[PDB]
Amino acid sequence: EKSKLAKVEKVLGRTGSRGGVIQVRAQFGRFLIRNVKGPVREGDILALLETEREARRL
Amino acid sequence: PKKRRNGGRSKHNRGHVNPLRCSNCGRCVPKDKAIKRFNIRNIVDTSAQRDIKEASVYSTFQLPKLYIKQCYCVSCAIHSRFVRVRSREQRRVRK
Amino acid sequence: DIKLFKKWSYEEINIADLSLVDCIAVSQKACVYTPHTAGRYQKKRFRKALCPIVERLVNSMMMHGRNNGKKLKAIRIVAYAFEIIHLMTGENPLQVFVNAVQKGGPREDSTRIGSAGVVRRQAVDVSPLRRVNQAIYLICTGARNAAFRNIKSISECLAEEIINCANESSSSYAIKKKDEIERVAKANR
RNA sequence: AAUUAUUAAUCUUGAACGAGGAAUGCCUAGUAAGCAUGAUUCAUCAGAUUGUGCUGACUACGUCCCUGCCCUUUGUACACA
Ligand SMILES: [Mg+2]
Ligand SMILES: [Mg+2]
Ligand SMILES: [Mg+2]
């Protein structure tokens, strides 16, 4: 319901069997590794519906 | 044509060696031929690990480890990729 | 003193989301008198975000084979829809459309991820460009399906769909499809 | 030379079809799709090829999951493989 805004500070790589998944590192000011669908850039802004969650390594 | 000098196992100056049973598939294998692995694992992953930390009394808690010591047969071991297939020269490389 | 369709200003419109501010264009180069510009917007990856928002609306409005390339008919449809929108709930129709764009795309989704051979349907996050594109696509599809074998005209259907999308009412196509996407996303992770 | 009706013109007659099951094809920019046209055959006949222009999108800027092709190591009792 209530979004949380996080800033993308770099892009790490692509996962998925067909490579349709993007790994980022986002910052509120804590850091998280999150996992995105769709074209992204460093500088973009995400609307996180969950706060306590990370992505496994790639 | 004798592809291995030691015949696939490390036995010398002995007649018989007692067998053990594969941790995955139950087959009997002599103890000197099975591949051994020793594991020191955690009970949970790191996020649950920290979640237990502030749910705990004593203010200084450390989770215990697990000690396993598993053993496998050739077929059941190289299907899981603990061991792979190498070239003629690379086979001789121990360690 | 440049107006859309020579009637509406968008000199005072705001976004108020701050995630979608960079991805929708009502500013210096994108202030136009008519939504026809024959630009080259697909040559690079992110240049799609500088096409004026109403021209992207009209670009999705000509679909299902029967209507491919018929740009002017789409522009006429959109212009009369904006007149109908202004007549009822009298506001700037472009502001209403921007509000509806901001609401019609899901914020999170699901996909198959191959963590360690065994897989799931894990929840993922949606980027701002993806959200804008999905909002446009779902609004256009809702209006197009409403008007097929119906007494009501296409522009009446489009005006109704945009107004309902801006008000979060669960009688629009986009809002309900988006809610279903988000429910499944919350269920699979 | 027109019957088994060459093609064209006028009035009359007015069928199935309401978006297509299991499957499966082509395609990344003036491109897909939609729209018509010149030539080839040609006494007469294009719902076909081969060119030309007109109106003009959506989606990606990737991957090795399916299919195909290639290279390295490995096994072979195959060599018409
Ligand atoms: Mg013996
Ligand atoms: Mg022929
Ligand atoms: Mg493959």
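Just so we're on the same page: letters track the sequence lines, and every chain starts at 1. Just so it is clear, the values below take in all heavy atoms, side chains as well, and ignore hydrogens, waters and symmetry mates.
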Decide, based on the SG atoms alone, whether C25(B) and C76(B) are under 2.5 Å apart. yes

Considering residues, nucleotides and ligands other than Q62(B), do more than 12 of their heavy atoms fall under 6.0 Å from its CD? no

Does CG belonging to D22(C) count more than 12 external heavy atoms closer than 6.0 Å? no

Is the phosphate of [N], meaning OP1 or OP2, less than 4.0 Å from a side-chain N or O of [X]?
| X | N | value |
| --- | --- | --- |
| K44(C) | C61(D) | no |
| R66(C) | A57(D) | no |
| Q90(B) | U73(D) | no |
| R18(A) | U63(D) | no |
| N59(C) | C58(D) | yes |
| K48(C) | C58(D) | no |

Under a 4.5 Å cut-off applied to non-hydrogen side-chain atoms, are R57(A) and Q23(A) in contact? yes

Report yes if some heavy atom in the side chain of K186(C) is under 4.5 Å from a heavy atom in the side chain of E108(C); otherwise report no. yes

Of all the choices, [options], which nucleotide is nearest to the side chain of [X] once you look at every atom?
| X | options | answer |
| --- | --- | --- |
| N68(C) | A60(D), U74(D), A32(D) | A32(D) |
| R149(C) | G18(D), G56(D), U63(D) | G18(D) |
| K70(C) | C61(D), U74(D), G34(D) | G34(D) |

Atom-to-atom span, [atom1] of [X] to [atom2] of [N] - whole angstrom:
| X | N | atom1 | atom2 | result |
| --- | --- | --- | --- | --- |
| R112(C) | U63(D) | CZ | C1' | 17 Å |
| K43(C) | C61(D) | NZ | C1' | 13 Å |
| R56(C) | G56(D) | CZ | P | 19 Å |
| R45(C) | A60(D) | CZ | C1' | 9 Å |
| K71(C) | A29(D) | NZ | P | 19 Å |
| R40(C) | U31(D) | CZ | P | 12 Å |

Does [X] reach a base, just sugar-phosphate, or nothing at all? Heavy atoms under 4.0 Å.
| X | result |
| --- | --- |
| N133(C) | sugar-phosphate |
| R91(B) | sugar-phosphate |
| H36(C) | sugar-phosphate |
| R86(B) | sugar-phosphate |
| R88(B) | sugar-phosphate |

Across all strands, who's sitting opposite [N] as a Watson-Crick or G-U wobble pair, both distances under 3.5 Å?
| N | result |
| --- | --- |
| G20(D) | none |
| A77(D) | none |
| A33(D) | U55(D) |
| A48(D) | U40(D) |

Using 30° and 60° as the class limits, which term best fits the ring planes of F82(C) and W8(C): parallel, tilted or perpendicular? perpendicular

